[PDB]
Amino acid sequence: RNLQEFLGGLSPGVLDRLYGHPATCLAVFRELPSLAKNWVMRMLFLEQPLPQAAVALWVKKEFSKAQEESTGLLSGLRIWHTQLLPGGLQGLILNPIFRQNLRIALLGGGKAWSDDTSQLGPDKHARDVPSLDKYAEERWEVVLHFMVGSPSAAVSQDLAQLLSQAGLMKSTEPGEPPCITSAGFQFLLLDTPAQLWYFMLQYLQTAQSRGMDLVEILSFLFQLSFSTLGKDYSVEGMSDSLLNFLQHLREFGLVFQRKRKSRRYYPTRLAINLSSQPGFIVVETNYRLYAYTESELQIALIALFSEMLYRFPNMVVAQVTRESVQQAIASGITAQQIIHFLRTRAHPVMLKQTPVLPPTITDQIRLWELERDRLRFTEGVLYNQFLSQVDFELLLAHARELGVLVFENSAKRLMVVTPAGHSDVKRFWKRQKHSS
Amino acid sequence: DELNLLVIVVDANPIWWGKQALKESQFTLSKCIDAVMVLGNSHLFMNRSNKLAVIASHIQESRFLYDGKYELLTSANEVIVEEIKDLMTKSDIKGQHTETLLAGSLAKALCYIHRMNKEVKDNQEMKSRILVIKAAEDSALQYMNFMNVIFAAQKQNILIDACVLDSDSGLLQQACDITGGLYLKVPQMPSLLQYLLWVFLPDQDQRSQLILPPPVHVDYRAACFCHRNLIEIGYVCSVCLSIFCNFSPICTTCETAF
Ligand SMILES: [Zn+2]
Ligand SMILES: [Zn+2]
């Protein structure tokens, strides 16, 4: 799921409380479509509602579908609310709180998002941007290795429980380590910003168990999203629970902090990328992958759907075979996920070509994917004992009404239904003959 | 992957703004600078990948101008304010030159766009457009350079948009017509920013979706070689295509070439 889907199901009060922070409003505005942004900007400096027809006349008739979609999305997000214009007309005006916060974020005004940074002076143990990036990469690699099950990576108990609640890994028995499921493989194949966003969404969903304020967590996350890289921020000014949540972020690599009691925290590159690098995989027409990577995580991920051939100290040469792709699919990974992963990790050299990946390789992978699903199997019960067409039609209509029909053929008067509905169909058939 | 580059050329001619300030009108150069900064902030807020550039023209030369609000936007506004203050404070009238060096600013903008295009990754295309706001009167002495700039922009497919404040310029109309840009005259100066947020804010693809005012009557009067003034009917050479206001027994340009 995406941000818009998550925000659609929230109550109006929660949405209004979210708009109280300028950082949240900017993120919501950037998540809007291109057409919606122009409407928001035009209505930013308006103190009076506008007629619905006047707004509808801005976009041409041919692109009315995009206008309708944008209007529906804005109404669902409650960015604007319809106003009862005098004379029976309907006026459209943006939410005053959202508009005020957006103007504060853009034009200026009010207090800063962070309390202060120069009160405590320069950090005694400050790090650099490459160090923060290395720390974030190490944390993410440790998390993903713990997802795989490598003993070298050990995380906190609550983090492991969160993965179990997310369904990526299941713990069949207490004490024994959980096993990664197909959903875990799909999560691994996802892009890093997508993985971070999915993990944050799962955290937000499970936050209701801990009784934490969703609005505060969302506002803090959005503030971290726009935070400048390499600049510390004041820990003070936050509730006790949020700091605890921040500690979990410290385990996730999004936020770096020297000590729990330290008053300085440095947002990392991964935290910035959460709101939204060059790729290290070269794909050749002969079904060969050349990866410029050294960490065991990427090697394992590539070996999930490919056969390894050579491992030079700074290079990995692998071959994409039919058997490897079939094994990966049997593991639960679809071809679309593999193609997306290859495109995301594609080397910058391959970006020169008009297609990111050669069409032949993608077509071959997709065809290999369809090989497993070529045969369709449906367990059920077949009825072929119809003496008359009229009797067959009534039973077929009853089965369709029950919604247990699998296959119908009026030409030969043969039908196939689910075993669960077989008892109901038999009871219906007996009643028709007995009552006759 | 959609890269939009917006370059804003600001006519900062001291004479016109001084006359406007002496008129004690509701519009000043400070309001224009604030409107330009707000437009740039809106453009940057439209998409993360969007890039902004501001160039201010003057009699001397062209200057590259580039707490509750965005941190990067705050730094950009501070840099723009510092640059414009440095340009205005050090602006000393040394000479009889009064026409705005609009051609030089456009040339610098084109050079900056060309520089930024190479740094763009091959997987993405950097769509670039140039917005020009005109305050002082147009200069007819720079006709050839202006036409060369227009042709260079057309070659690289760079939109040129003109926002005339007081006096209409035929050169800007020709540039908008040739490059496909939008030419608009401001009826009320204090409302200028709203126009910038209603017409020039959307990109070229977005402009097709929306409805825009029809282009104004574009003129195509040429400039005489020996007068550098707008003319309607003149003598044109059949070899070098030079334009003369009066008949001559021998073409000066052809006489120059040996
Ligand atoms: Zn002449
Ligand atoms: Zn001649």
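Residues numbered from 1 in each chain as written, not as in the entry; some residues may be left out. Chains lettered and ligands numbered in written order. Part of a larger assembly, values for the part shown. Heavy atoms only, no water.

**Let's talk about the overall build of chain B**
Part 1 of the reasoning: Scanning chain B from terminus to terminus reveals nine helices and 10 strands.
Part 2 of the reasoning: Expressed as lengths along the three principal axes of its C-alpha atoms, the size of chain B is roughly 70 × 50 × 35 Å.
Part 3 of the reasoning: Across the 258 residues in chain B, those meeting the buried criterion constitute 48%.
Part 4 of the reasoning: About 13800 Å² of surface is accessible on chain B, with carbon and sulfur atoms providing 55% of the total. (Helix = DSSP H or I, 4+ residues; strand = E, 2+ residues; numbered from the N terminus. Buried < 20%, exposed > 50% of the residue type's maximum accessible area, 1.4 Å probe, protein only. Areas by Shrake-Rupley, 256 points an atom, 1.4 Å probe, with all protein chains shown as cover.)

**Regarding the overall build of chain A**
Part 1 of the reasoning: Check the secondary structure of chain A and you find 20 helices and 15 strands.
Part 2 of the reasoning: Taken over C-alpha atoms, the radius of gyration comes to 28 Å for chain A, far larger than the 22 Å a tight globule of 436 residues would show.
Part 3 of the reasoning: Taken along its principal axes, the extent of the C-alpha atoms in chain A is 90 × 75 × 50 Å.
Part 4 of the reasoning: Evaluated residue by residue, chain A yields a buried proportion of 43% over its 436 residues.
Part 5 of the reasoning: When the accessible area of chain A is evaluated, it comes to approximately 24000 Å², of which 52% is carbon and sulfur surface.
Part 6 of the reasoning: Measuring between centres, the 45 positive side-chain charges of chain A sit 2 Å from its 40 negative side-chain charges. (Rg over C-alpha atoms; globule rule 2.2 N^0.38 Å. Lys, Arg positive; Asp, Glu negative; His and termini not counted. Charge placed at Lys NZ, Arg CZ, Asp CG, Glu CD.)

**Quick word on the coordination of the zinc ion (ligand 2)**
Tetrahedral coordination by four donors sets the ideal angle at the metal to 109.5 degrees; octahedral coordination by six donors sets it to 90 or 180 degrees.
All names here are of chain B.
Part 1 of the reasoning: Bound to the zinc ion (ligand 2) on the protein side are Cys237 (SG), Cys240 (SG), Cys251 (SG) and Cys254 (SG), at distances that span 2.3 Å.
Part 2 of the reasoning: Geometry at the zinc ion (ligand 2) is tetrahedral, judged from the four donor atoms that bind it and their angles of 108 to 111° at the metal.
Part 3 of the reasoning: One chain supplies every donor for the zinc ion (ligand 2), spaced along it as C-x2-C-x10-C-x2-C. (Donors = N, O, S within 2.8 Å, 3.2 Å for Na, K, Ca; no water. Tetrahedral: all angles 85-135°; square planar, octahedral: opposite > 155°, others 65-115°.)

**Remarks on the packing of aromatic side chains**
All names here are of chain A.
Part 1 of the reasoning: Under the defined criterion, the tally for this structure stands at 22 aromatic pairs over all chains.
Part 2 of the reasoning: For the ring pair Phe199 and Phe252, a centre distance of 4.8 Å and an interplane angle of 80° mean the geometry is edge-to-face. Of this pair, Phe199 sits in helix α11 (residues 192-210) while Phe252 sits in helix α13 (residues 240-252), and the two are 53 residues apart along the sequence. For the pair shown, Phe199 and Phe252 are each scored as buried.
Part 3 of the reasoning: Where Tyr203 meets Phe252, the ring centres are 6.1 Å apart and the plane angle is 75°; that geometry is what we call edge-to-face. (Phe/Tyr/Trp six-rings, centres within 6.5 Å; stacked < 30°, edge-to-face > 60°.)

**Observations regarding the coordination of the zinc ion (ligand 1)**
Residues and elements named next belong to chain B.
Part 1 of the reasoning: Listed as protein donors to the zinc ion (ligand 1) are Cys224 (SG), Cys226 (SG), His227 (NE2), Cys245 (N) and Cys245 (SG); their distances from the metal cover 2.1 to 2.7 Å.
Part 2 of the reasoning: All donor residues of the zinc ion (ligand 1) come from one chain, and their arrangement in sequence is C-x1-C-H-x17-C. Separated by 21 residues along the polypeptide, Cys224 in the loop between β7 (222-223) and β8 (230-231) and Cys245 in the loop between β10 (243-244) and α9 (252-256) bring together distant segments of the chain. Assigned by exposure class, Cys224 and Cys245 land together as buried.

**Let's talk about the nonpolar core**
Part 1 of the reasoning: Membership of the largest hydrophobic core comes to 154 residues, with the highest contact counts inside it found for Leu7, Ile79, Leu249, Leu254 and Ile281 of chain A.
Part 2 of the reasoning: Considering every element that reaches this core, the biggest residue donor is helix α2 (residues 29-46) of chain B, with 10 residues.
Part 3 of the reasoning: With sequence-adjacent residues up to four places away left out, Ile79 of chain A is seen in contact with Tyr19, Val28, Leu32, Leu74, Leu94, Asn95 and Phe98 of chain A.
Part 4 of the reasoning: Of all hydrophobic cores here, the second largest spans 31 residues; its members include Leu106, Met147, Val164 and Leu171 of chain B. (Core = buried A, V, L, I, M, F, W, Y, C linked by side-chain atoms within 4.5 Å. Contact = heavy atoms within 4.5 Å.)

**Things to note about the interface of chain B and chain A**
Part 1 of the reasoning: Taken together, the contact pairs 24 residues of chain B with 34 residues of chain A.
Part 2 of the reasoning: Together chain B and chain A conceal approximately 2700 Å² of surface at their shared face, both sides included; 58% is due to carbon and sulfur atoms.
Part 3 of the reasoning: Scanning the region where chain B abuts chain A turns up one salt bridge.
Part 4 of the reasoning: We note a salt bridge from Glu71 of chain B to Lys231 of chain A, for which the minimum N-O separation is 3.9 Å.
Part 5 of the reasoning: Where chain B packs against chain A, one counts five residue pairs in polar contact.
Part 6 of the reasoning: Elements that contribute at least two residues to the side of chain B that touches chain A include exactly α2 and α8 (204-209) of chain B.
Part 7 of the reasoning: No other element matches the five residues that α2 of chain B contributes to the side of chain B that touches chain A. (Buried area = accessible area lost by both parts, 1.4 Å probe. Salt bridge = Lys/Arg side-chain N within 4 Å of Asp/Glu carboxyl O. Polar contact = N/O pair within 3.5 Å; in protein donor to acceptor, adjacent residues only side chain to side chain.)

**Some thoughts on the domain arrangement of chain B**
Part 1 of the reasoning: Looking at chain B, the domain boundaries give domain 1 (1-210) and domain 2 (222-258).
Part 2 of the reasoning: One C-alpha centre belongs to domain 1 of chain B, the other to domain 2 of chain B; they are set 33 Å apart. (Domains from an automatic or database assignment.)

**Topic: the UniProt feature "zinc finger region: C4-type" in chain B**
Part 1 of the reasoning: In the numbering used here, UniProt assigns the "zinc finger region: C4-type" feature to residues 237-254 of chain B.
Part 2 of the reasoning: Summarising residues 237-254 of chain B: 17% helix, 11% strand, and an end-to-end C-alpha distance of 9 Å. (UniProt positions renumbered as here; feature names shortened; annotations may be inferred.)

**Quick notes on a negative patch on the surface**
Part 1 of the reasoning: Together, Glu99, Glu137, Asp138 and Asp166 of chain B make up a negatively charged patch on the protein surface.
Part 2 of the reasoning: Topologically, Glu99 of chain B is positioned in the loop between α3 (71-89) and α4 (102-119). (Patch = residues over 30% accessible without salt bridge, like charges linked within 9 Å, V, L, I, M, F, W, Y side chains within 5 Å.)

**Focus: the side chain of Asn101 of chain A**
Residues and elements named next belong to chain A.
Part 1 of the reasoning: Structurally, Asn101 is set in helix α7 (residues 96-106).
Part 2 of the reasoning: When its relative accessible area of 8% is taken as the criterion, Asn101 is described as buried.
Part 3 of the reasoning: If we skip the residues at most four places from it in the chain, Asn101 touches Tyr19, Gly20, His21, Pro22 and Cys25.

**A few points about a nonpolar patch on the surface**
Part 1 of the reasoning: On the surface, a cluster of nonpolar side chains totalling about 300 Å² of accessible area is made up of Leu309, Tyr310 and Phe312 of chain A.
Part 2 of the reasoning: Its place among the elements puts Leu309 of chain A in strand β11 (residues 307-312).

**Notes on the sheet that holds strand β2 (residues 51-57) of chain B**
Strand pairing in a sheet relies on backbone hydrogen bonds, with the paired strands running either antiparallel or parallel.
Residues and elements named next belong to chain B.
Part 1 of the reasoning: Taken in spatial order, the six strands line up as β3-β2-β1-β4-β5-β6 in an open sheet, and their pairing is mixed. In this open sheet, the two edge strands, each paired with only one partner strand, are β3 (62-64) and β6 (183-185). Strand-to-strand twist across the sheet, computed as the mean angle between neighbouring axes with direction ignored, equals 20°.
Part 2 of the reasoning: Alignment of strand β4 (residues 125-134) against strand β5 (residues 159-164), held across six bridges, turns out to be parallel. For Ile133, the partnering residue across the bridge sits in β5 and is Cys163.
Part 3 of the reasoning: Seen against the sheet, α3 touches β2 and β3 and runs at an angle of roughly 155° to β3. (Pairing = 2+ DSSP bridges. Axes fitted to C-alpha atoms, helices over the stretch in contact; angles between N-to-C directions.)

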